[PDB]
Structures are given as C-alpha cells and as structure tokens.
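To start, the structure itself, in structure tokens.
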Amino acid sequence: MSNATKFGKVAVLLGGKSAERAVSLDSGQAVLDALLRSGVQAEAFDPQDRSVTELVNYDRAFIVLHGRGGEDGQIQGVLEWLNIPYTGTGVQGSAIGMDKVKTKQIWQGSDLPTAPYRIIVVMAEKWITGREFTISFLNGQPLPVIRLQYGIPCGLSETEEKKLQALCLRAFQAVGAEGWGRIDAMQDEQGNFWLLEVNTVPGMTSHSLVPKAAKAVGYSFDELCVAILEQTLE
Amino acid sequence: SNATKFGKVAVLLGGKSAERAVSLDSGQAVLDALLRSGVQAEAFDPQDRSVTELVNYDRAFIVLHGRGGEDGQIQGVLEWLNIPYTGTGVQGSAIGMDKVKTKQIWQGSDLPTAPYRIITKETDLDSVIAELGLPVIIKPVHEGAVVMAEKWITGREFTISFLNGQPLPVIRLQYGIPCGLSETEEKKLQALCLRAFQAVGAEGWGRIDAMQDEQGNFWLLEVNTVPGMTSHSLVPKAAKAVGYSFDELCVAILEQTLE
C-alpha cells in the first residue's frame with residue numbers, strides 16, 4: 001500500500017501573503033522535500049502566485065503558511081468549501097489562536113492561568129518575570145518541552161515537566177486546536193505556570209522548535225512530516 | 001453616487017446547510033430589495049455555482065445561514081479573493097456558531113450566561129447534576145455529534161438586533177414590540193448585549209438572544225451573525241421600529257462593504 005496511492009496528489013501550501021512569507025517558503029521547501037522522499041505525490045502551491053481556485057486539482061493539503069491567511073482561518077475556510085481535507089487546526093481554532101485577547105478570553109473562560117490584561121492591534125499585559133518554555137504538539141498530544149531565551153533538557157523536574165504538559169494539553173484543547181502546534185508558557189519566580197500564546201501552524205525550518213522536540217522522541221523530520229499529513233485521513 | 005458605487009454585487013444565498021430553504025427565502029428578499037434600490041445585484045448559490053466565479057464581483061452580501069455561511073468558511077474564501085463583504089469576519093463567525101465557545105469568551109469578558117458542562121458522553125453524570133441542578137437542558141453545540149448540558153433558567157426570552165454595530169429596539173420572543181421592559185430596563189439589556197456583541201468580535205449586523213429570569217437578572221444565550229431576512233424575520237421588524245424600510249435596511253447592511 002504506497003504513499004503515492006494512499007495520500008494522492010497533496011498540495012504543500014507555502015509562502016502566501018503575510019510578513020512571514022520568507023519563513024513559510026523555507027518551511028514549505030523543507031516539508032515538500034521530506035514528503036517527496038517519503039514517496040508522497042507532493043507539489044508546491046503558493047497562494048500569492050496561484051489562484052486558490054486551482055486547489056480543486058488536489059486530494060489534500062499540507063498547510064505550512066504562517067501568519068495572515070495561514071494561521072488565522074482564511075485558507076482553512078477555502079479548503080472547507082472545496083471539500084479538501086487538510087492539516088492542523090480548523091477555522092475556529094485558527095481564527096482564535098492568532099488573536100491573543102481572544103486566546104486569553106477563552107483560557108480565562110476555561111479556568112486556565114494567564115496574565116491579566118487591559119483593553120488598549122496590541123494590548124496592555126501584566127508584567128511577570130520568569131523563564132519561557134514551549135510545548136509542541138503532535139497527534140493532539142504534547143511533546144518534550146523546550147526552554148527559550150540550547151533547548152532540551154528544559155530545567156524542570158520530570159514531574160514539574162509533566163505538570164506543564166498536562167496544563168498545556170488543556171489549553172490546546174480549550175482553544176480547539178488539533179493535530180499539531182505549539183503552546184508557549186511562562187514559569188514565575190514562585191513556580192506557577194502562565195499561558196502566553198498559541199501557534200497553529202508552526203515553523204518547519206531547520207532552526208524550528210517542533211522538529212527539535214519531535215526528534216527528542218525519535219521522529220526524523222520525514223517521519224514527522226508524514227505523521228502530520230496522516231491527520232488528513234478522515 | 002448614483003449606485004455606480006457598489007458595482008457588481010453578489011447576493012450569496014441557499015448554500016449547503018440544513019437552513020438552505022430559509023436562505024433562498026432571505027436571499028430572494030434581499031436581492032429584490034437591492035434591485036429596487038438600483039444596485040447591480042445578482043444571485044449566487046454556492047451549491048450550484050463554484051465559489052471560483054466570485055472573482056467576477058466587486059462585493060458580496062452574505063445571506064447564507066448555518067454551515068458554510070454563519071461559521072467563517074465563506075468569509076474565508078472572500079478574504080482570499082479580496083472581495084469585501086457584509087457582517088462578521090472569520091473569527092466572530094466561527095466563534096458565534098459555537099455555543100460553548102461563545103459562552104467561554106463571554107465568561108472571559110465578565111458577562112452573564114448560564115453555567116454548562118461539555119458532555120464528553122462518559123464524564124460522570126453525578127458531578128454534572130451536582131454543578132447545574134435539575135432540570136437540565138442538553139442541546140447540540142454548533143447547530144441551534146458534539147453535545148452540551150446547560151443549566152435550566154425559567155424566564156422570558158428576548159432578542160436584540162444590531163445594525164451599524166449598534167443595537168436596535170428589543171423584541172420579546174414567544175407580535176413582539178413592545179417587549180414588556182421598562183425604558184431603562186430595555187437600555188440596560190441593549191448596553192449589555194452591545195458588550196456581548198463586541199466581545200465575540202461580531203460587526204455590522206446580527207442578533208443576540210437574552211433571557212430574563214424570575215428575579216429580573218439578564219443571561220446571554222446565543223449569537224446569530226447572519227440573521228434571517230424573510231418576511232417573518234426579526235431583524236427587519238426591529239429595523240422598521242426605528243424607521244428603516246426593508247429596502248433601506250438592505251442598503252444599510254451593504255454599506256458596511258465600503259471604506
């Protein structure tokens with residue numbers, strides 16, 4: 001049972017219209033090479049150069065557009081209307097995820113910790129000092145946590161780490177994200193966690209954090225790319 | 001000036017959802033009203049015409065109800081085709097058509113709404129009847145497979161319709177106006193509902209439904225981001241109460257699609 005047949009003609013959506021275009025071209029190229037190596041019939045699709053109307057020629061879509069259009073529900077919209085299954089988070093989770101105030105609102109509304117904030121678009125947030133982390137997701141489940149300013153190990157105890165993972169899984173589900181993505185979190189001076197933001201189509205460049213964390217659990221980049229694409233089976 | 005301004009407008013109607021028939025009715029009404037106002041309107045049924053052809057139009061009047069219309073999908077395609085359109089963008093639409101999400105973001109804005117528990121059909125039922133009390137409303141989440149349980153409150157339902165971002169005269173649900181609220185009590189419900197409208201990031205026009213319990217307290221229920229425009233529909237009724245003819249109301253809504 002081959003990946004040519006099984007996944008059919010897949011479009012790797014890349015580049016796009018946003019300020020993160022260059023990063024997305026990089027993420028796209030990486031993913032495209034990896035899927036081609038895995039024998040999936042992948043092709044590049046840049047919606048800034050090719051009308052989305054031509055998506056109708058493809059059986060599924062690997063979304064690796066960052067920012068406006070990609071991370072915010074728009075392209076997910078068009079794919080729903082063309083009946084083309086696709087990677088990651090649907091319209092709702094995407095549209096929310098790319099709005100901090102809305103992401104915070106729905107987190108507060110789920111009994112989940114996050115800095116207070118006020119109505120100034122950029123907002124005004126309560127300053128907390130501590131160390132930032134990021135919990136990456138694959139198949140709905142969290143992966144090994146990475147410290148931000150190397151990255152792993154993070155500097156949490158094994159139980160302290162699992163606490164941050166379980167908390168972030170709730171914040172991932174709360175906002176209705178699915179498949180894969182990233183949650184950023186804080187740890188204040190007293191050891192308490194605070195949720196910061198969500199990325200519903202993360203970077204897939206060589207320096208990007210999700211492949212790093214997927215590798216920590218034995219996924220090659222090519223394996224990680226197929227795992228993500230498997231979401232598009234029903 | 002002289003409805004050269006709006007150009008070739010598409011009235012999106014019918015569609016794929018269970019509310020198709022209602023949408024055909026809302027579409028026809030709106031289409032006739034715009035044509036009477038001298039706007040160059042045409043019908044576009046996305047179930048019969050590929051959305052690809054939307055590129056032939058300068059703007060879109062969305063009057064699709066339910067799945068595809070009320071939930072961010074068609075708003076998506078319009079954003080990607082750079083075609084301005086009526087009502088609420090992708091975010092507000094996608095939220096609005098989800099009750100749990102609408103409630104979450106309302107709780108998160110210090111706004112009143114019935115307690116509820118998302119039924120994973122397996123969470124212990126005893127802890128749920130302990131939180132909410134009996135009787136309890138169970139209802140489907142998006143279309144009012146995933147299901148919820150809400151706390152039953154007794155009282156009288158209302159609906160506050162919106163145009164140009166601002167609320168219109170409130171209507172009692174079972175005629176509808178007068179509602180049976182005092183003039184100050186009515187303004188209280190309007191100001192509350194304006195916050196709940198803004199909170200979810202809806203814009204232009206729409207409807208918020210609200211409760212009043214036996215003690216006089218308000219509770220928010222749900223949001224409709226593309227309301228009915230049929231002859232018996234509630235938004236034209238409330239727009240008429242403030243001196244808008246149906247034709248005038250239809251142009252007012254279309255004006256959202258300008259700078």
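Letters A, B, ... go to the chains of the structure tokens in the order shown; residues in each chain start at 1; ligands are counted from 1 in the same order.
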Once you count only C-alpha atoms, which residues of chain B turn out to be within 8 Å of chain A? Could you give them as a ChimeraX atom specification? /B:52,68,72-77,79-80,90-91,94-95,101,103-109
Within stretch 121-206 of chain B, find each residue whose DSSP state, derived from the backbone, is strand (DSSP E or B), and express the selection as an mmCIF file with N, CA and C atoms, in the first residue's frame.
data_model
loop_
_atom_site.group_PDB
_atom_site.id
_atom_site.type_symbol
_atom_site.label_atom_id
_atom_site.label_comp_id
_atom_site.auth_asym_id
_atom_site.auth_seq_id
_atom_site.Cartn_x
_atom_site.Cartn_y
_atom_site.Cartn_z
ATOM 1 N N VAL B 136 -32.196 20.049 33.585
ATOM 2 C CA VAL B 136 -31.079 20.486 32.749
ATOM 3 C C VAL B 136 -31.446 20.446 31.252
ATOM 4 N N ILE B 137 -31.009 21.457 30.485
ATOM 5 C CA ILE B 137 -31.122 21.423 29.021
ATOM 6 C C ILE B 137 -29.875 20.759 28.454
ATOM 7 N N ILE B 138 -30.042 19.666 27.714
ATOM 8 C CA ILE B 138 -28.989 19.181 26.830
ATOM 9 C C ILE B 138 -29.358 19.647 25.410
ATOM 10 N N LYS B 139 -28.361 20.067 24.630
ATOM 11 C CA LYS B 139 -28.569 20.558 23.257
ATOM 12 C C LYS B 139 -27.325 20.329 22.390
ATOM 13 N N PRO B 140 -27.509 20.129 21.061
ATOM 14 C CA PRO B 140 -26.334 20.101 20.171
ATOM 15 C C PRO B 140 -25.581 21.457 20.144
ATOM 16 N N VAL B 147 -22.138 17.371 21.763
ATOM 17 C CA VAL B 147 -23.280 17.816 22.600
ATOM 18 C C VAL B 147 -22.900 18.385 23.978
ATOM 19 N N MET B 148 -23.742 19.298 24.453
ATOM 20 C CA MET B 148 -23.544 20.039 25.722
ATOM 21 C C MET B 148 -24.703 19.893 26.727
ATOM 22 N N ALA B 149 -24.502 20.264 28.001
ATOM 23 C CA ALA B 149 -25.575 20.307 29.023
ATOM 24 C C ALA B 149 -25.588 21.684 29.719
ATOM 25 N N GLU B 150 -26.695 22.417 29.590
ATOM 26 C CA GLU B 150 -26.849 23.775 30.146
ATOM 27 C C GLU B 150 -27.827 23.841 31.319
ATOM 28 N N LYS B 151 -27.541 24.730 32.264
ATOM 29 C CA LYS B 151 -28.413 24.935 33.414
ATOM 30 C C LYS B 151 -29.733 25.571 32.969
ATOM 31 N N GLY B 155 -37.734 31.936 32.538
ATOM 32 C CA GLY B 155 -37.957 33.358 32.304
ATOM 33 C C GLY B 155 -38.337 33.639 30.869
ATOM 34 N N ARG B 156 -38.343 34.927 30.517
ATOM 35 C CA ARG B 156 -38.816 35.363 29.212
ATOM 36 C C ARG B 156 -37.634 35.674 28.289
ATOM 37 N N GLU B 157 -37.619 35.056 27.107
ATOM 38 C CA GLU B 157 -36.582 35.316 26.087
ATOM 39 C C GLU B 157 -36.805 36.647 25.325
ATOM 40 N N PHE B 158 -35.706 37.280 24.932
ATOM 41 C CA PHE B 158 -35.709 38.481 24.108
ATOM 42 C C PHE B 158 -34.682 38.351 22.989
ATOM 43 N N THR B 159 -34.693 39.307 22.057
ATOM 44 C CA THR B 159 -33.653 39.391 21.042
ATOM 45 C C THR B 159 -33.376 40.822 20.637
ATOM 46 N N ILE B 160 -32.082 41.142 20.644
ATOM 47 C CA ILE B 160 -31.587 42.478 20.382
ATOM 48 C C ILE B 160 -30.886 42.364 19.042
ATOM 49 N N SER B 161 -31.380 43.104 18.060
ATOM 50 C CA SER B 161 -30.871 43.024 16.706
ATOM 51 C C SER B 161 -29.901 44.173 16.577
ATOM 52 N N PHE B 162 -28.938 44.026 15.675
ATOM 53 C CA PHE B 162 -27.879 45.010 15.509
ATOM 54 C C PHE B 162 -27.792 45.484 14.068
ATOM 55 N N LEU B 163 -27.532 46.781 13.913
ATOM 56 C CA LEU B 163 -27.273 47.386 12.626
ATOM 57 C C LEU B 163 -26.292 48.538 12.806
ATOM 58 N N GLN B 166 -24.583 49.012 16.262
ATOM 59 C CA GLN B 166 -25.404 49.473 17.380
ATOM 60 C C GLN B 166 -26.672 48.627 17.527
ATOM 61 N N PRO B 167 -27.192 48.481 18.773
ATOM 62 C CA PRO B 167 -28.417 47.696 18.941
ATOM 63 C C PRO B 167 -29.653 48.442 18.443
ATOM 64 N N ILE B 171 -37.086 42.912 21.066
ATOM 65 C CA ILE B 171 -38.277 42.180 20.694
ATOM 66 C C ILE B 171 -38.401 41.006 21.659
ATOM 67 N N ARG B 172 -39.583 40.814 22.222
ATOM 68 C CA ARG B 172 -39.883 39.642 23.048
ATOM 69 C C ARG B 172 -40.124 38.451 22.119
ATOM 70 N N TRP B 205 -23.963 43.809 11.575
ATOM 71 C CA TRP B 205 -25.321 43.471 11.925
ATOM 72 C C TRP B 205 -25.356 42.068 12.435
ATOM 73 N N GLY B 206 -26.455 41.745 13.110
ATOM 74 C CA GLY B 206 -26.640 40.424 13.713
ATOM 75 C C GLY B 206 -27.695 40.459 14.798
#
Rank A:216, A:226, A:198, A:128 by their smallest atom-to-atom distance to residue A:186, using only C-alpha atoms, and report the top residue only. A:128
Shell of 9 Å around residue B:131, only C-alpha atoms, local chain residues under 3 positions omitted, as a list in words: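 So, after excluding close chain neighbours, the residues are residues 115, 116, 117, 126, 127, 128 and 151 of chain B.
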Pull the helix (DSSP H, G or I) assignments for stretch 14-215 of chain B out of DSSP run on the backbone, and list those residues as a compact mmCIF listing (two decimals) with C-alpha atoms, in the first residue's frame.
# COMPACT_ATOMS: atom_id res chain seq x y z
CA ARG B 20 -30.90 26.18 2.71
CA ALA B 21 -34.61 26.81 2.09
CA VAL B 22 -34.70 29.66 4.63
CA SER B 23 -31.58 31.12 2.97
CA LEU B 24 -33.17 31.03 -0.50
CA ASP B 25 -36.05 33.00 1.00
CA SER B 26 -33.69 35.52 2.71
CA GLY B 27 -31.66 35.79 -0.49
CA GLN B 28 -34.61 36.43 -2.78
CA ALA B 29 -35.94 39.12 -0.47
CA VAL B 30 -32.60 40.90 -0.28
CA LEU B 31 -31.94 40.55 -3.99
CA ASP B 32 -35.35 42.14 -4.85
CA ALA B 33 -34.74 44.96 -2.38
CA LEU B 34 -31.28 45.78 -3.70
CA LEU B 35 -32.51 45.62 -7.33
CA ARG B 36 -35.28 48.13 -6.37
CA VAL B 51 -17.08 29.87 -5.46
CA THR B 52 -14.25 30.40 -8.00
CA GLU B 53 -16.64 32.58 -10.04
CA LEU B 54 -16.97 35.04 -7.10
CA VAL B 55 -13.94 36.72 -8.61
CA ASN B 56 -16.36 38.33 -11.15
CA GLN B 73 -15.96 29.31 5.77
CA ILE B 74 -17.39 31.59 3.04
CA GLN B 75 -15.78 34.56 4.88
CA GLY B 76 -12.52 32.74 4.42
CA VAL B 77 -12.92 32.46 0.62
CA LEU B 78 -13.90 36.08 0.33
CA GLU B 79 -10.80 37.19 2.27
CA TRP B 80 -8.62 35.19 -0.08
CA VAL B 90 -13.88 34.82 10.02
CA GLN B 91 -13.18 34.94 13.74
CA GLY B 92 -16.55 36.24 15.00
CA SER B 93 -18.43 33.93 12.66
CA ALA B 94 -16.51 30.80 13.67
CA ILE B 95 -16.98 31.55 17.36
CA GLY B 96 -20.60 32.74 17.08
CA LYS B 99 -22.22 27.94 21.86
CA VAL B 100 -19.50 26.61 24.19
CA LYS B 101 -17.00 28.97 22.55
CA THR B 102 -19.45 31.87 22.65
CA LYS B 103 -20.01 31.18 26.34
CA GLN B 104 -16.30 30.77 27.09
CA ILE B 105 -15.49 34.16 25.59
CA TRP B 106 -18.46 35.73 27.40
CA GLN B 107 -17.43 34.28 30.83
CA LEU B 125 -23.18 12.44 35.31
CA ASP B 126 -23.44 12.86 39.12
CA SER B 127 -20.85 15.70 39.22
CA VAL B 128 -22.76 17.38 36.36
CA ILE B 129 -26.22 17.22 38.08
CA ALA B 130 -24.40 18.46 41.23
CA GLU B 131 -22.95 21.55 39.42
CA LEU B 132 -26.02 22.59 37.43
CA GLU B 183 -37.43 52.04 29.04
CA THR B 184 -34.41 51.99 31.41
CA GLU B 185 -34.56 48.20 31.81
CA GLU B 186 -34.56 47.98 28.00
CA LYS B 187 -31.49 50.26 27.64
CA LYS B 188 -29.74 48.05 30.24
CA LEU B 189 -30.32 44.97 28.10
CA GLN B 190 -29.15 46.87 24.97
CA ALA B 191 -25.90 48.08 26.56
CA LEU B 192 -25.20 44.58 27.95
CA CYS B 193 -25.85 42.99 24.55
CA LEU B 194 -23.64 45.56 22.79
CA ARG B 195 -20.76 44.37 25.01
CA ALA B 196 -21.52 40.71 24.24
CA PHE B 197 -21.65 41.58 20.50
CA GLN B 198 -18.29 43.37 20.65
CA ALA B 199 -16.79 40.73 22.97
Quick check, in Å to one decimal: how far apart do atom CA of residue A:199 and atom CA of residue A:183 lie? 6.6 Å
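Relative to atom CA of residue A:39, atom CA of residue A:137 is found at 24.5 Å.
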